[PDB]
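*Asks:* Begin with these chain(s), straight out of the complex:
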Amino acid sequence: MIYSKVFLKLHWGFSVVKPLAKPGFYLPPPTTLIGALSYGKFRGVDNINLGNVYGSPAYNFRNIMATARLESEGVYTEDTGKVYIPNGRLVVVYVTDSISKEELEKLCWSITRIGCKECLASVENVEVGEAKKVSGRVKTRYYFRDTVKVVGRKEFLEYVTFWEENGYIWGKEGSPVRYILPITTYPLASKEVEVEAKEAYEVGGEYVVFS
């Protein structure tokens, strides 16, 4: 199980609107993170024949684990929800085993935007390594699933709804999955939460929780 870390510098922020008034999300979903990685290999093409229907040139990277977190302060504003965090820093962790270290590192440098066109984001540095699996009590900053238990004080937790990769195809809505975000609503920031969990990969001290 290989892992990679990337540091991104945002220009003005990101904007992803909720499916189904156009409120937006607080942090990008894993689908956007996987699509940004896939942009490095599928550049120039917008429709691929999956075999039955044209849905996206991203239905092949669906099994790559990804998380992300903030490192600065921002504000969420509706004026079409937007998350303004100019000159901020984003840390993205990719955990997978499908490809070797070289391919993941090459695709990691090829991230251009997160969300829509205006949300450009440069790349400052990357790290690649081998991760270890643990199950003891850990402290994490990355968001995780709803079913994961919590031992600490419930004070900085929010509930959001994301979608699986089934939504990659047009004319079809993805499955609803609940997610827990350790975020302060105003001003925007990230806080540490202690969880027990069952699977946690150590990617340099900042344990990443998946289930």
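*Replies:* Here it is on my side, so go on. Residues are numbered from 1 along each chain as shown, chains lettered A, B, ... in the order given.
*Asks:* could you pull out the helices for chain A?
*Replies:* For chain A, the helices defined by DSSP state H cover A:30-38, A:101-108.
*Asks:* and the gap between the residue lying farthest from the centre of chain A and residue A:45?
*Replies:* Most distant from the centre of chain A: residue A:52, at 28.1 Å, with distances by C-alpha atoms, centre = their mean. Using C-beta to C-beta, to the nearest Å, residue A:52 is found at 18 Å from residue A:45. For every residue, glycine as well, the C-beta is placed using N, CA and C.
*Asks:* And residue A:153, by the same measure?
*Replies:* Taken as C-beta to C-beta, the span from residue A:153 to residue A:45 is 48 Å.
*Asks:* Surely residue A:143 touches residue A:181?
*Replies:* Yes. Residue A:143 lies in contact with residue A:181 (C-beta atoms under 8 Å); the separation is 4.7 Å.
*Asks:* list residues touching both of these two?
*Replies:* Common contact partners of residue A:143 and residue A:181 (C-beta atoms under 8 Å, 6 or more residues apart in numbering): residue A:27.
*Asks:* what about those two, which has more around it?
*Replies:* residue A:143 (24 against 20; other C-beta atoms under 10 Å).
*Asks:* Further, place chain B onto the existing structure:
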Amino acid sequence: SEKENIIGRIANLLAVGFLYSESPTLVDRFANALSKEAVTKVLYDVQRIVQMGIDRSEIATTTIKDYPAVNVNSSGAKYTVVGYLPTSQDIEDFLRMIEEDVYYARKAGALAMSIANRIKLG
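*Replies:* Let me put chain B in with the others:
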């Protein structure tokens, strides 16, 4: 919660200035302020209007249990605003609240317009 008492005293100052000048322009500027500059400029200009009314003896403190009030004479109309005017410390603490959140200027403006409207209707 003295924050609400400070906002109420600022709203009384704005209402007295509006009733005396017969102009909403300072309250409009205060309620639309997006910077500490705009708020502070209105706080000076409204107090300068109130100072002229004090010097002319057209603005005076009174009691009306007895409640503190401000009598305002403008264009032969008599108005009475119930409450205290802000202290220098209230202005300073209010400016600190504005440096944290300009929302408090909108809250004071909404209260000031409500006071002035109720008095003009009566």
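*Asks:* if we can go back for a sec, next, the contact list for the residue farthest from the centre of chain A, please.
*Replies:* Counting by C-beta atoms under 8 Å, 6 or more residues apart in numbering or on different chains, residue A:52 touches no other residue.
*Asks:* try residue B:87
*Replies:* residue B:9.
*Asks:* Need phi/psi at it.
*Replies:* phi -80, psi 170 (degrees, to the nearest 10).
*Asks:* on that earlier part again, any idea how far the residue farthest from the centre of chain A is from residue A:167?
*Replies:* 16 Å.
*Asks:* One more: residue B:92?
*Replies:* Distance from residue B:92 to residue A:167, by C-beta to C-beta: 55 Å.
*Asks:* Have a look at those two and say which one is more surrounded.
*Replies:* Per other C-beta atoms under 10 Å in any protein chain shown, whichever of residue B:92 and residue A:167 has more neighbours is residue A:167, with 17 against 12.
*Asks:* all strands for chain B, in order.
*Replies:* B:59-63, B:68-74, B:77-82 (DSSP state E).
*Asks:* Would you format the ones you listed as JSON lines with mean neighbour count and distance to residue B:38 included?
*Replies:* Compiled in JSON lines, the strands of chain B are given as follows (neighbours: other C-beta atoms under 10 Å in any protein chain shown; distance: least, C-beta to C-beta, whole Å):
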{"stretch": "strand B:59-63", "mean neighbour count": "13", "distance to residue B:38": "24"}
{"stretch": "strand B:68-74", "mean neighbour count": "18", "distance to residue B:38": "25"}
{"stretch": "strand B:77-82", "mean neighbour count": "16", "distance to residue B:38": "23"}
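*Asks:* add chain C to what we have:
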Amino acid sequence: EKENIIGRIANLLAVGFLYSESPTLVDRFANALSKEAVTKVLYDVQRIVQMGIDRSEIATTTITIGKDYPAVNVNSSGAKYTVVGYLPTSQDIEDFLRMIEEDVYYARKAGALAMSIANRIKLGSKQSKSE
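*Replies:* The block that follows adds chain C to the chains above:
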């Protein structure tokens, strides 16, 4: 000693305000963002107090509030005011300017105290005239 200096500066600002009947110098002092603005007000208020001293309209006194307290009597426009406390020394002005060179917050603190002194005195004077 920092609080005593701030209190003596606040007494000077309150005396200058009550004598001039103008809040403009206290407004400038409490809104100061530089040592220039603070120092300019410290001169201008002392210049107003100097005129009141030369006219014998500002004088130091003692008042029994059963011990004698130092006070400053101010006569303005036929109104009589009494501020309780001392005026700042030259050393208090110099030490206060050094405090301002470290943190302009102390000008806001002195301005807030000065306005409180002046407001309490003006309220008491208006009440006695109404009775």
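*Asks:* and the contacts of residue B:87, now that chain C is in?
*Replies:* B:9, C:115-116, C:119.
*Asks:* which among the residues you listed gets closest to residue A:101?
*Replies:* residue B:9 (66.3 Å; C-beta to C-beta).
*Asks:* ok, that closest one - contacts?
*Replies:* Counted by C-beta under 8 Å, 6+ apart, residue B:9 has contacts B:83-87, B:90.
*Asks:* Looking at those, spot the one nearest residue A:175.
*Replies:* So of the contacts of residue B:9, ranked by how close each gets to residue A:175 (C-beta to C-beta), first place is residue B:90, at 56.2 Å.
*Asks:* Which part of chain A gets nearest to chain C, residue-wise?
*Replies:* residue A:187 (23.8 Å; C-beta to the nearest C-beta).
*Asks:* how many other residues sit next to that residue?
*Replies:* For residue A:187, using other C-beta under 10 Å, the count is 11.
*Asks:* and what of residue A:97?
*Replies:* Neighbours around residue A:97, by other C-beta under 10 Å: 13.
*Asks:* Which residue comes closest to it once chain neighbours are left out?
*Replies:* residue A:1 (5.3 Å; C-beta to C-beta, 6 or more residues apart in numbering or on different chains).
*Asks:* Quick check: the one you found touching residue A:199?
*Replies:* No. Counting by C-beta under 8 Å, residue A:1 stays clear of residue A:199, with 10.4 Å between them.
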